[PDB]
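Please see the structure below; I have some questions.
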Amino acid sequence: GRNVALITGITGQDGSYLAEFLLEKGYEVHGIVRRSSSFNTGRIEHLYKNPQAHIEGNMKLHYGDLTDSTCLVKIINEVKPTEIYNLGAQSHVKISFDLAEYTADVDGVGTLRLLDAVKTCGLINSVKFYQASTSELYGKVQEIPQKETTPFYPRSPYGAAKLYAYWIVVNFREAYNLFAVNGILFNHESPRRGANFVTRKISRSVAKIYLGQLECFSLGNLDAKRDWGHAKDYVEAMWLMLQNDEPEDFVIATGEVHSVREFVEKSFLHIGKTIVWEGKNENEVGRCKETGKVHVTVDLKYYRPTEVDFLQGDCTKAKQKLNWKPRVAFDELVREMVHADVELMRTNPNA
Amino acid sequence: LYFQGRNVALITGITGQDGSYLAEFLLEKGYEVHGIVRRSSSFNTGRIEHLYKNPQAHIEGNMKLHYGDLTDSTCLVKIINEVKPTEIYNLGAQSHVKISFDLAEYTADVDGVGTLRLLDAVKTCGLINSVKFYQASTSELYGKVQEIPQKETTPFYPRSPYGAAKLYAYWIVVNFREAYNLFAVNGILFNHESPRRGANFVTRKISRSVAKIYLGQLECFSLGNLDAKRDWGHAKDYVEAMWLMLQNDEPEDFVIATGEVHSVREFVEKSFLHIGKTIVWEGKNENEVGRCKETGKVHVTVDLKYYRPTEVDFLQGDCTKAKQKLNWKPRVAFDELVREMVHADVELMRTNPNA
Amino acid sequence: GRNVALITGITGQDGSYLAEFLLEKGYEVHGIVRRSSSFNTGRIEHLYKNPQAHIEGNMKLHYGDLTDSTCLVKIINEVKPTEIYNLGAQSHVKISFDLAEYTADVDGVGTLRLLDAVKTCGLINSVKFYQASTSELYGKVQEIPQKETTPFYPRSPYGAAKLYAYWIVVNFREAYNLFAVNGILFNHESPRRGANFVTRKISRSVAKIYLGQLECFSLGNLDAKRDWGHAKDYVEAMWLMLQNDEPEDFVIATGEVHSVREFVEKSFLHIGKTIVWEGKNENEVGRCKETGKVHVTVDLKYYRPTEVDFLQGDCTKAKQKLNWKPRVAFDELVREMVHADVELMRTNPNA
Amino acid sequence: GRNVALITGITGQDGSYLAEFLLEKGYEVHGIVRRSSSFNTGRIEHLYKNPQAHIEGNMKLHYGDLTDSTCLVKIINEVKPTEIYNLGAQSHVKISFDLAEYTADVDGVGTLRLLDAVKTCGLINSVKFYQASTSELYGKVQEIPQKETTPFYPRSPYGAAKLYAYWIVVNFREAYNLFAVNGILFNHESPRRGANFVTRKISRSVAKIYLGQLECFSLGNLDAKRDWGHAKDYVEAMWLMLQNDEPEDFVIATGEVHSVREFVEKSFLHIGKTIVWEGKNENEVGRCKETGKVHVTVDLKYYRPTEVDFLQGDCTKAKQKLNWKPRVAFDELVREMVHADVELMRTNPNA
């Protein structure tokens, strides 16, 4: 009956929702946090027993790094987790193009290091292991929609690194009988999403424009199409995969496709502005119909050298085997994110 | 791109305590200031966001940031090649001594090999004769001190994975200077603090905890070795010394310090006096506690988890050489530093009890 | 025009044949050699201009390592090759299970290091890059036979590392227009093959048994089936891929399949011994009919945790587009290897 | 009983002599060997129980690398050594200048990895650890002669990396009470010395000239001065340091200084030739007085950008506490190395 989770990447979007979910289920939750010159725990600070004194209760934190083999062994050996969720990563696709080696060492080799730490600790038989796989693996998609058996075609050093991680997880599963699974999750956003992913960038910018604190912002490829769900729904799927009798990989997604362009339009609609588009390519601009003011421009610096044009997930296997369903759909996702960021910018024009 | 009158700095570790003060110092001298920032799942630029041209939109002016990491050789070459700096300040590091004992390999890779990676990037870009290089060395190099006080010629005796990694960095910097005639210097800076100090260094831990106790947000906090003695100065004074070392006619290494020693115990006592509380110590070793004389409440305890397996008992810097050659003088003394940090953290905690 | 080749892995089996092949065409051939406590250039010492003094002519060696980014940039900037062959790797599958992280750093991240070095030197439009990809990418084969479009399924830390390299190569090709190709070569052997690969282990042991220097040796999985060609034929295909008008990936193979058991049988037949099998699984032994002497046993320490049971390559594409044709078939490969090792072992019983 | 040694760097000069030394004392001796495309065990292949079959007796080898933490932990857990000698290193000073990062990773961080592996394996209080420190730490010497209290002043990426390793060993000793020692050994040579160190380079070249297999060879800085002893004497001091009651660091040296130029002159005298020098700097040549033929030239490519001009060790502490004393002196070392290489080159002009 002992339920002890270890979350790498606990400070990120998904880790903070997953920590809450597992705490709610009575888990003792351990996380690995990077040393940083300022604290990086803002998403999970409310999960201290005393947030004012930063005293831990059932969520306990450990300094560590996915590139330091010894610290991972020490932490796993001390914690003896029953479930490990490897969410730690350099997770940004655009940044990965000029941080390609660091991204490989953390996202790819770092997964190996965590798996070898489990094995070193004698826990291959005692641990269930979740790997944060990603729809970026499909890249230039080879099937539509994409399912567990769709061949991968990565399009960034991030995708390539996660492809390494995916297969080394399969190899520990097959070679050593580790209960280890690849959650092949499609894009998921929330009010806690990193600020330079495209959805949170739009909702942040629309909020600042609404409050008169920003006039305009620049985007990259407006025509990219994504399957977007809500991170809070998706972390439950991660836990469900570790409850399955057999270790299996699952696609987690909504199966509904929308463009970056639509996210922009729906976001502005919630602050009472109708965006109309002018021009083409890097000279395209989005203008408020009601005021005539230009609020969106295009800057090639936000483009990727090898774009991922289209993603649409088929989560049939998860729905059948895990009884999982997405709760939040695209329209509600956009409203929630814009409203959250409006309330945030009201408190702090520098947020 | 290089010409006389064009001053372009590249700061690794720009988001840290020193990097934030040094960015301000160089900006006000009219430098174009570039910084390398780690990718982070939330933003880590809190110390320098006020240096955006537009802090509401986070639009850059004369401070320009770049994603990178000292463990990624290619990214360092790309950034240096793009920026073509005249001055490079390598402040980026896993800088915490206690954490380094259980993060030993990461600390070696960043603080030791990362210095070589940055030096090697300068050479790869063909800029050996175009850049001046500042290395963030440290009084932790003296460790178990072989002389008192410590100066440039005092032999090093490191006492942590942090100290060993910074020792590698110190000497690989000397080697690039001697082998390739790079203008590269080691600033051997003794401890320096500020209201921007990391929260888990001992000074900021005390001022934060005293501030929270003052405000009823905390009743008691634990320290480690109360008897450690340190040479403590102010980070804003010390970043000025980094710049002066790069203005020197020849590349020399310099100790930078106050020369005045105080114990952790004394920092605790002075901090509590600023909120009107006198601490009286009872007990010994891990059972020692500090009690408020006026109220009888125990506010300080000792926890062995904050000890270090190999402590650095005593540090005292002799900066005679820098006083003579750089005309550098510390401005903030220990008493003022304590007052400034307690006062700043009282304000912080009153505004945000979760800070 | 200029023909300047840089070969990583020049001391290995393939590098030694490729160096000879390019030298014959008038290339200046540079190689990267690891620092070793003894010399590791035995396969290429005959290509010094003066072998007694080890003075170089048109083959020029450079100390380096695929894990040292700065050293790779210095070498590429000095050599400015027109053609790069990334053959350097920890290439042994069984050893990769105990050396998983080193294998990842050299075979996967090391390929990224070499590509980034090309880019750092400004040579992205000035060099043609060959990557030593491998039939091990197919692992648990998803199609029979296997061709360029067969979905991958790696089965070792080696396979996973090479799959990262495969895809980071594609990404540099697609992102920066680097002329980069994956040669998907199936198993290829020679008298220069590493001694602990299965074919050379057999030819070496048969040679020692013929000379009375050995009585018996042990293998692992006798039922494994492989597509085996000759390394000298296959390095020609590498060069042809870089002569192609456009950067394409190519399978290189014979399309014929034999078992490890069959390799044993044919090798022993060349020293006039008929191997007859008796027993099953780990107790199976091979006995010489003529003499009744046991010469082959099974030791499970040579098994792999996730075996690759069957490989068979379809090189239709390379035959049509490159006019490549293997000239050495399985039976001639066996004769040649046993013949060469008999001569070697006669000269030196400790070889 | 129980005497189980683990030697990293067992294939090198010192590891080969140390293996024999420990085997004679009845140790079970384990080595870590790097995977290489051809075998790298030539110095130790006579220590197989059956050297023709390469079957192990009391010397047992394990594939590994000082940059792969997991493999280090696995080997130490399996072997459970009582004594660990960390001799593995990129040990060449000139190569370290353009292989600076790899040399840091192996010689510096690799030492921490091996120490951390000892700690991870729970052997911090049972194993005795020998670190292969070096007189290169003294670099630009601050005292003559150099002893334990002489301050370090490294002059290469090799020296800096070894200086990190020196102090991290001290830190594990002081922090965790690990019995760990630094052997501060001055230069030591033998007929097994790496061919591109200056002494073996000379004896190889003089031997070839004696056999009419070579006419001339080039050197670097002829006036460098060194304390040279015999590796076979020095490995005994390593063992003695781990027999000491308390873990202490020791200088090991002969206290006698000779120049590279003297090594040349004495080596040629052993083949009946008197070298007379003419010219300066890179134009200096060494001519046989009896014949007038030039046999030695200077090439700046063998210079180092930061030379270590002079080394002379004072091993008073070791003589008093360990009772160690060198047996082979400079004249005997020169004659031994020339004679061995004459016998070697007789067998093979391409050796």
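Brief remarks on what is shown
All chains are identified by letter, namely A, B, C and D, in their written order; residue positions are counted from 1 within each chain.
Going forward, a contact is a pair of C-beta atoms (placed from the backbone, for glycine too) under 8 Å apart; a residue touches a chain by one contact, two chains touch by 3 or more.
In this structure, the chain pairs A-B and B-D differ in their number of contacting C-beta pairs, and the larger number is found at A-B. Between chain C and chain D, the centres computed from C-alpha atoms are 33 Å apart.
Our note on geometry: chain B versus chain D, Cα centroid distance of 39 Å, whole angstroms. If you average the CA atoms of chain B and of chain C, the two centres end up 51 Å from each other.
The residues of chain C that reach two or more other chains are 69-70, 74, 100-101, 105, 113, 116, listed in rising order. Pairs of chains meeting the touch criterion: A-B, A-C, A-D, B-C, B-D, C-D. Note for the complex: chain A touches chain C at residues 69, 97, 100-101, 104-105, 108-109, 112-113, 116, 151-152, 154-157, 159-161, 163-164, 167-168, 171, 174-176, 305-306. Looking at the complex, you find that chain C touches chain D at residues 9, 11-13, 34-40, 42-43, 45-46, 51-53, 63-65, 67-71, 74, 90-92, 95, 98-102, 105, 194-195, 208, 213-214, 217, 349-350.
Within the complex formed with chain B, the residues of chain C that make contact are 69-70, 73-74, 113, 116-117, 119-120.
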